[PDB]
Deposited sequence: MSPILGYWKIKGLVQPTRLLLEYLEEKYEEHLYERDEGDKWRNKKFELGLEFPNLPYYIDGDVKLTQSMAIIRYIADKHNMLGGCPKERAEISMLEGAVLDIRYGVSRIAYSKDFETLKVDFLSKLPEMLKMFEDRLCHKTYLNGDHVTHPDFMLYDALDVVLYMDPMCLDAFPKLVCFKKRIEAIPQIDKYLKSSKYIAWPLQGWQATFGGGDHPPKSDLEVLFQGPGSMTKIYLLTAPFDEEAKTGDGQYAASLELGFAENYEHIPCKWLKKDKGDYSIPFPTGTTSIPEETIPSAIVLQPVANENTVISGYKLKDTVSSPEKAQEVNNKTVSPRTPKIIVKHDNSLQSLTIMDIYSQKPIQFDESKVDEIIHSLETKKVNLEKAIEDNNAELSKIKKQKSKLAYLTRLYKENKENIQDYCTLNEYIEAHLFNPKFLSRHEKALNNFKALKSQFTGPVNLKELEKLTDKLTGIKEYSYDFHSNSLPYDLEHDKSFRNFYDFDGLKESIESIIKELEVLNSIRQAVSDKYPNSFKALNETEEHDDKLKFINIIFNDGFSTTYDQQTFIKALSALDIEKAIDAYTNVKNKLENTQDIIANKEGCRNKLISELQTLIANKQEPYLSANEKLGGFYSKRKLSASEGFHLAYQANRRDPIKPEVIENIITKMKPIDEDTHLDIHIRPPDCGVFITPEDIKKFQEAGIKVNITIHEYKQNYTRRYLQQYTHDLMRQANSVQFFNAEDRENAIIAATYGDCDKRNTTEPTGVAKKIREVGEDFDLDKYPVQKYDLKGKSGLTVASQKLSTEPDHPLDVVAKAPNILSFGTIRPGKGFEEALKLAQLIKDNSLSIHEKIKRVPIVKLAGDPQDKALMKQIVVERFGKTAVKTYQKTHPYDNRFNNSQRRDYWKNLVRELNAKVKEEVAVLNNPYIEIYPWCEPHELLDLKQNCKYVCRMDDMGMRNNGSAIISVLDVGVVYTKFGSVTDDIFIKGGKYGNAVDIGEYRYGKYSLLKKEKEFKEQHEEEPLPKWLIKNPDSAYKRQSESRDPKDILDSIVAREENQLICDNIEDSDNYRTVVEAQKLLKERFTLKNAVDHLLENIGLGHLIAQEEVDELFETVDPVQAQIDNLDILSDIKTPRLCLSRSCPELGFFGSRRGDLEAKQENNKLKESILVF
């Protein structure tokens, strides 16, 4: 019959963060409410799925796939290195090498190390040739020897030609002599160097010597990694200096020195344009011969013959004539990067590097994604999963939780198709979509995930609407679409004449599969009556680890602003509010600024010193140092030895659970303004709705029902404008009292700012609420109704059943 299987592999299988907590709450809601629906989530700890490994080789990270856990660090413009280890003296390091040959990306270098933790093989892929390049120690030694032989041969050629090269005075005349003499192998020099290096060595020796020394030093550093233990901190920089992300000093496709041809001024006139023309003519002749006997030949012929016509006039390339060189460089780079026939069989007659290009985040992440999808051993762990999801009936559903790229990396469109081919309805749950607006490659990845899925389940309405807009209009970015609400966004932000980055996705019916869900949770103590919450010591409260950007600094500024205008606050309300802070001390600076206000600046020294703070304390003494500090002071003050500067702030670092309950019962106002704000998936705000009035951040994931007229409009005080003070609508309003707000910085990070709301406005709103004895009772009752009717396990399970088409089973 009906059988629901949850899957959040491999992230948060122990239920510690939001994703695992949500999955556990959903499973508990299924178990408690529907005892006839066998719902359970697959875990690696249980006998559900095991990490796929080759016959005698284990992944370098423990119990991870070396191509799936790399998506998360790659998406942040960071290159990390993973791979395999034979774990034994002899393990046939070949099959694992295949896993390193198909799952290799320029941002994801692959390694194979021996049993004694010594590097054996290094497979990388340059951003220009886009081909997997193994770098075994023998190959590195061969490359170094080839470079040395080329250097000595070129030195011999220079010392031989110096007798006649001095007679020629014109530099241009020397170009012809070297080119003609290079055509004849006096001592078999054509098999060691290329035509560019012959002229460069003779005429521009310091530049050629510098380039050769740079390449030789890079390769020597690469060779040095095979001597002792392998460390995954210097190989990343080596890969960056090898692939070309940060530096490209050697062209592995042609085994020759690279030439930028754009940032190589004073040498553009000496480039082997004639040699490139001959190579392209040979490629054209080969294509003509192949076509006479006869994937696409005509398209390749047209693409290659275009480059030949662009090099007919040499002067048109050295001097940029209506972008002639740029188009030529782009076409050459596109042709070289082609790995399909007949380009692959013809690219060996010309170099693989023609200009230095910057690997964008989108291109790098897409290459890593394709490498991950090309995994030959990944589908195995799918089969094991299927091996546990048997028998398969017509009422078997799979709920895959996706948080690009954290929660979902073991699931791919091929994986989803394999799941559906066995008779499983895949329901992809989007934990965050609008969050990755600055990184739209993750948006493309999750869009493919929804497209291949049977059903889609979103948490909020704004991200769901944005995803629907992207799916039904082609591009992830609504600015580059024809939608009336998206075309106006481009004009007001960057104008209608801006070449924004394109993130094309295939169109699909996302509205007919999408749905809505909530982050359910279970609370032990029932919330108090709203009448008791209004007159409940209106003090500002905030939990959580004290980190930069968690709203703790804003609470400190709130307390400070209370201190200066305490008299203004007084004579207007019964009691002055007090900002109460509690949680894990993690930021030393934030904790220092918190404690200076608490009991003065001087008393923070007449302690810090005596008992000072070493920047080594782990989180068993970092916690038990601010506790001792706040216990020694606030007690030196009651021994009336000192005075609490700022009596309107109270700090309780690492408070006990009973102390936390006392703080919750003694505070009506909470400041739960995190980096994202109010949302249907954020449990950190859902767990605090029962305390009272909660001030949050007006984020982009607001469900449009908490603003001014929704079913829970007064439940939380998000604010007036979205994103706090960083709103573009507000900036437009103050300006008209119109420039491009997002100009010269597309995809700005203003939607994820820390201090979005101004402390002064928060204080003014807080005072304006308690002075009405606005209308906190309405806020408390609406928050309680939202907690009891929407943020419940049964509601989340019912939403999931409705989204997966099982609404007839809802009680």
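Residues 1 to 230, 525 to 574, 1018 to 1023, 1060 to 1067, 1106 to 1172 of the deposited sequence, counted from 1, carry no C-alpha coordinates in the model.
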